[PDB]
Amino acid sequence: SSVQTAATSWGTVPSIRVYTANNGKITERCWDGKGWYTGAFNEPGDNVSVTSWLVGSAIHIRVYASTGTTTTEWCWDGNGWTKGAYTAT
Amino acid sequence: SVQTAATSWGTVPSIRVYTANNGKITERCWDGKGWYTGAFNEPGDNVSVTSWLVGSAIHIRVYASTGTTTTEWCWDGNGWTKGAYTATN
Amino acid sequence: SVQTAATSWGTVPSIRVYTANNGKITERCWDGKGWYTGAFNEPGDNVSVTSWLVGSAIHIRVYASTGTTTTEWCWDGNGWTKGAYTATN
Ligand SMILES: CC(=O)N[C@@H]1[C@@H](O[C@@H]2O[C@@H](C)[C@@H](O)[C@@H](O)[C@@H]2O)[C@H](O[C@@H]2O[C@H](CO)[C@H](O)[C@H](O)[C@H]2O)[C@@H](CO)O[C@H]1O
Ligand SMILES: CC(=O)N[C@@H]1[C@@H](O[C@@H]2O[C@@H](C)[C@@H](O)[C@@H](O)[C@@H]2O)[C@H](O[C@@H]2O[C@H](CO)[C@H](O)[C@H](O)[C@H]2O)[C@@H](CO)O[C@H]1O
Ligand SMILES: CC(=O)N[C@@H]1[C@@H](O[C@@H]2O[C@@H](C)[C@@H](O)[C@@H](O)[C@@H]2O)[C@H](O[C@@H]2O[C@H](CO)[C@H](O)[C@H](O)[C@H]2O)[C@@H](CO)O[C@H]1O
């Protein structure tokens, strides 16, 4: 059937991030006020969810990428995507 | 199964729930005083949503997908309009 | 694959991740000091979530769908309870 998307935004410009899971891969499209562009996030998954929060001016994003029963947390804390501590336990 | 996406704002709060059911996305709304059916009505098998305030004014972006094609819908205070979002997918 | 939904609040932050797996939705929680399994447990194939603060108190709404039926679940400080949400008129 269809791709599966997740979205988050912040500020008043705004900034938007849209994550799309498509045939086992998640990609990211980004808006920061002046056109859509392809983001750095490129990781495996059939399903995606996202949440974000600001600490002052700094955006923090958590992307939950799932393949089968395995969910991997990916963390943006200003400069790159790092693996988070999340487990299903 | 049907598929949903939710957003909220303020502290009343206002809530918007989007449901993709048999190729149509509809919108249910809470503004503190009962659920009602909102103005949003667009095609899609999958839905995500994000929203942000600019002062007291809400801005909403809904991402509606069918197959690998995603269409953005914009609320900026005066009806739903098609957004600039693209994704090759 | 499993289907997830995430929400977060504050600046620590607190995070809740809902996972629909084999018809059941369960919850994992972060409050700054390790992931733990939350109280939430309801039926669903698909899940979305939103949350808002009233003072320091978190309010969470989880939209759980199976077939054509979506149920709203509410956290308001006193345990999970069924919400008034209905999908259609
Ligand atoms: C790998 C690890 O465990 N990192 C810790 C940070 O935890 C990450 O972020 C939190 C919110 C959850 O998503 C975790 O599952 C995830 O691993 C943790 O908290 C965060 O540190 C970030 C810098 O790494 C950043 O400062 C962020 O503001 C903060 O929320 C920190 C502090 O407890 O410890 C890391 O080890
Ligand atoms: C039935 C209808 O169309 N009512 C209008 C309100 O529209 C609803 O809410 C908006 C945000 C969309 O989700 C619509 O599709 C939905 O029908 C509309 O919205 C108001 O937004 C305020 C904040 O900017 C505030 O949260 C308020 O609770 C909400 O009602 C208003 C104002 O644009 O017009 C009504 O006609
Ligand atoms: C408001 C708050 O954060 N409450 C935490 C307890 O509940 C968790 O968080 C809330 C918002 C919901 O997401 C719940 O589903 C989630 O479990 C949390 O867990 C509760 O503690 C109880 C006794 O201390 C009891 O063990 C219960 O089973 C457990 O669900 C506790 C962690 O101990 O922190 C609260 O802050």
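Whatever comes next refers back to the structure up there.
First, a word on scope: everything that follows refers to the structure included in this document. (Residues numbered from 1 in each chain as written, not as in the entry; some residues may be left out. Chains lettered and ligands numbered in written order. Heavy atoms only, no water. Residues with missing side-chain atoms left out of burial classes, pairs and counts.)

## Here's the deal with the interface of chain A and chain B
Rule in force here: The contact definition used throughout considers only heavy atoms, calling two residues in contact when any of these lie within 4.5 Å. Buried area is a sum: the accessible area each of two parts loses on coming together, probed at 1.4 Å, counted once for each and added. Under the rule applied, a polar contact is a pair of N or O atoms within 3.5 Å (in protein, one hydrogen donor and one hydrogen acceptor; residues adjacent in sequence only if both atoms are side-chain atoms). Per the convention used, a helix needs a DSSP run of H or I reaching at least four residues, while a strand needs a run of E reaching at least two, with both numbered from the N terminus.
Each partner contributes residues to the interface: chain A has 19 residues there, and chain B has 23 residues. In total, chain A and chain B occlude about 1500 Å² of area from one another, counting both sides; carbon and sulfur atoms represent 53% of this. For chain A, the biggest contributors to the area lost against chain B are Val3, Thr5 and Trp36 of chain A; these three give 29% of the whole. Counting every contact that joins chain A to chain B gives eight residue pairs in polar contact. Sorting the residues of the side of chain A that touches chain B by element identifies strand 1 (4–10), strand 2 (15–22) and strand 3 (25–31) of chain A as the ones contributing at least two each. With six residues, strand 1 of chain A is the largest single contributor of residues to the side of chain A that touches chain B.

## Some details on the site of ligand 2
Residues and elements named next belong to chain B. Using the following cut-off: If a single non-hydrogen atom of a residue is within 4 Å of a molecule or strand, that residue counts as near it. To measure how exposed things are, a 1.4 Å probe is used in the Shrake-Rupley method; for residues, cover is taken only from the protein chains shown.
Around ligand 2, the structure places 16 residues, and the nearest of them are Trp9, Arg16, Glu27, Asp31 and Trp80. At 2.9 Å from an oxygen atom of ligand 2 is found a side-chain nitrogen or oxygen belonging to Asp31. Protein contacts shield 62% of the accessible area of ligand 2, which totals 670 Å² for the unbound molecule. Secondary structure elements with two or more residues in the shell around ligand 2: strand 2 (14–21), strand 4 (35–43) and strand 6 (57–66).

## Focus on the pairing of strand 3 of chain A
All names here are of chain A. Our working rule: Pairing between strands is defined by DSSP: at least two bridges between them are needed.
Examined bridge by bridge, strand 2 and strand 3 share seven bridges and lie antiparallel to one another. Bridging from a neighbouring strand, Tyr19 pairs with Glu28 of strand 3. Count of turn residues in the strand 2/strand 3 antiparallel hairpin: two residues, of which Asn23 carries a positive phi of about 50 degrees. With six bridges connecting them, strand 3 and strand 4 (residues 36–44) associate as antiparallel partners. Bridging from a neighbouring strand, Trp31 pairs with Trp36 of strand 4. Here strand 3 folds back onto strand 4, and the loop between the two strands holds four residues, one of which, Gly33, carries a positive phi near 105 degrees.

## Observations concerning unusual backbone geometry
As a reminder of what qualifies: Exposure classes here rest on a 1.4 Å probe applied to the protein chains alone. A residue is buried below 20% of its type maximum, exposed above 50%, and partly exposed in between.
With an omega of -5 degrees, the peptide bond running from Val13 of chain A to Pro14 of chain A counts as cis. Along the polypeptide, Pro14 of chain A turns up in the loop between strand 1 and strand 2. Here the bond from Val12 of chain B into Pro13 of chain B is cis, since omega is -5 degrees, no more than 30 degrees from zero. Residues other than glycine seldom take positive phi values, yet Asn23 of chain A does so here, at roughly 50 degrees. Structurally, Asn23 of chain A can be placed in the loop between strand 2 and strand 3. Given the relative accessible area of 73%, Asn23 of chain A is considered exposed. At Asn89 of chain B, a position not held by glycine, the phi torsion is positive, near 55 degrees. Relative to the assigned elements, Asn89 of chain B resides in the segment after strand 8 (80–82). For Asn89 of chain B, a relative accessible area of 33% puts it in the partly exposed group.

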